Each structure stands twice: as structure tokens, then as C-alpha cells.
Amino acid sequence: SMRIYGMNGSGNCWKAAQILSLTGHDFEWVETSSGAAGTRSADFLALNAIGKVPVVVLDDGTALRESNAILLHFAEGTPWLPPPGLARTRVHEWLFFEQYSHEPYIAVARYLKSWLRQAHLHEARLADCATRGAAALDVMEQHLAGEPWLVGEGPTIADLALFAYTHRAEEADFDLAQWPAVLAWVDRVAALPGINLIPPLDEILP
């Protein structure tokens, strides 16, 4: 039976659970810690040498890693992933934008401020995050002011990939009211059948 190794509250892990649920796959969740008892354990590194969650393990033992690769793997042949061509390429562009220009600022600031509550250890990092995260939101705003979805005329895994952390941007100290087209898109994605939100970290973390 299929397993997701993940951390409760993680947007990257949410991507994996969300696409599995959207595409009709049953799975077992395995709560995995950070460090020698989890992501840096012998057993885990045997699944993923990179030492990161999410990892999805198929009933045949195959271990899949990288949240955006997991989105691509399970969305293949569904309306969540266009076929090769311009639309698929536009999806790819947003997924690499997400990993390079968005996640490292939004997800990280949320982690440091609302998960660890270590704002004080990362003043420099956090100011940079605030600036570069705002720039990533500006890119999303510019696009979503003119089209309601990231690609083509309907939702795709590009929307899922950027929704993962953007829907919880308040925990990274971003006020989405200042990016009204992004806010409207967050609401549009949240209203889609089958989409679930990450509850507030304060309510799910020990």
C-alpha cells in the first residue's frame, strides 16, 4: 500500500497528499521528523539520498521524491496536467519559479516565524525573505490580475504548487490583501472540489 513520508504542516508535503487525493489514490501517512530519527536516518536516506520530505513510496517499493516531481507524476493523464506543448511548458515554468523564486522565501519565512518561532536568530535571512517573497508575490499578482488561473483557462498543478504555501502566507508575515489578485486566486483555488487547506500551525503543531 502507498505511503507518504511527510511532516504535518509542510506545504511541500501538502502538494503530495493533495494530488494523491485529487487523483483517487489511497495512501498511508508516515509522520517523519527532521534529523537523525527521520530525514537524516539510514532508512530514510535509503529512500531519498537528498534527505528531504515528501517521499511517496508505491505499493511496489518505488520511492518518489521532490514535491513538484510528485505533482507531475500523479497528474499525468488527468486534467491537472496539460499534454506536452505550450500549456505544459507554462506549467513547468511556474513549477521552477516556485522552487527557485517563491518557496525559498515564503515557505522558509513561515517555517522560521510560525513553525520554529526563531525570528530572532534569522534577522538578516528574514529581511531578505520579506523582500524576495514580496517580489515573487508581485510576479503572481501581475499574472493573476489578467487571468484567473496560472495556465490556460483552468486549474492545473501550477496552481496547486503555488497554492501550497501562498494560502498560508499570513504565517510568513505577508498580508495578501496587498496582493488582491493573488488573494482572489487563493479563494478560487480553495473553492475547487477536493481542495483542502493546511490548518493554522498554531493549531496542529506541538
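Sequential numbering from 1, following the sequence displayed.
Of the two stretches examined, 178 to 186 and 20 to 28, the record assigns the greater average C-alpha temperature factor to 20 to 28. Of the two stretches examined, 70 to 78 and 107 to 115, the record assigns the greater average C-alpha temperature factor to 107 to 115. Within the group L95, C129, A136, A87, the record's highest C-alpha temperature factor is found at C129. The residue among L47, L150, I157, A169 whose C-alpha carries the highest B-factor in the deposited model is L47. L201: CA B factor lies in the lowest third for its chain, per the PDB record. Among the modelled residues of the chain, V56 sits in the middle third by CA temperature factor in this PDB entry. In the PDB entry, a CA B factor belonging to the highest third of its chain's modelled residues is recorded for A42.
Remark: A161 belongs to the lowest third of its chain, ranked by C-alpha B-factor as recorded. Residue-level temperature factors show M140 in the lowest third of its chain, judged at the C-alpha atom.
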